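Just so you know, structure 1 and structure 2 below are the same protein chain in two forms, each on its own as structure tokens.
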Structure 1
């Protein structure tokens, strides 16, 4: 037996019991909740659901602000063992004629002392323009698509190419989408974001997200996950008769 489980679970049951009483939850309402919970399980949506509403809060208490990069939620759509990307301009694996604007990402990884962290590896994943993640949609293959690991240069600089992510919506038709859209009368949209994980021997891992200035949902995240210090200027500076979105970010990691 776990005293953690005992202390937390006994309190949690008193809490929910008080809620039931306080709000006068009826037998039908209880059945609806019982049935709704079941359908989340049947839709495979527990990760998506809990992350949509609560991962922000678990994120808030776990990691702090300071002179390092702020973390943000991981969400449910991360995947391990993404391919190391090297070459000319290192580029995220992409379908032929992947919809979207070519995006060029630059920046660095350093420590709270300004030292470049050459040991780091940066996982990056993001949605297709369709608002889908590889491995997590029936409309996409279970293959590393718009996912990959990127490594800094000896000087600490990083650089990759992809399509610029655009906003997306949690399936309106799933139990999560239903709750957010019908039942609550809100939306199920997230602002556009690049997910990031950086790990380096000696440093605390960083899981974070990079957002874009002017994004329509910047102040309306259905998942409650945006943070001002992770909102990025976008530049557009043509390369031979081709317009590129330019995004730059310098990551600072904490020791230990």
Structure 2
């Protein structure tokens, strides 16, 4: 689109060139940068690397604060074609003895006023206790597991159980890992989270994630994605052997 790209480019160009000058970026520097950017290309990191530092912001622009439910970063992990789920307590598809703490999510889907949005479909997915997002892991089938679509009751409410997601270290060994881990000498962890997308004819898509109080990497997310409005109050319930974690959330929507 010619005129828009023309605008941004030139301004982008000047921005970097000015960055190069003010910091007298030398040739070996240039060369390391270029080398590095090649690295990222050579592995599959661009959506990873870009989503890590920049989408939080591409996000803040696209949907922006206010009394909706706040969006959050989509991530390089979504997968279309999730199953419609409808069972006893409507569970995410998971292996047997999928490990560690069991989880319960409860909530609403109402519009500005507060009137339940019946025609909502609602995708959700999240990483195994073990840091792996199926479809993106040698360890895991290329199937629907901890992924799935859920419909709201006409009363408003929704429910699903899954397992409790936990802190994920982005590949220590990736260009992004090295950048986060070694050169910047910080860490490659995100807080425990659950990604969520919500369609509805006649409203505006929403895409967000939720995290957990007492989450050690809340203040320090690698991907600077955590808004506070989206940290989950967490009830640790001990239904014998299997310790459960229950969580509640009320979604409100854009509404075209």
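For clarity, a rigid core is taken as the largest C-alpha set superposing within 1.5 Å between two forms. Numbering follows the first chain given and starts at 1.
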**OP:** With the core fitted, just quote the Cα shift at residue 176 between the two structures, in angstrom to one decimal.
**Re:** 0.4
Original post:
residue 139: how big is its Cα shift between the two structures, in Å, with the core superposed?
Top reply: 2.4
**OP:** Fit the two forms on their core, then tell me the C-alpha shift of residue 61 between the two structures in angstrom.
**Re:** 1.2
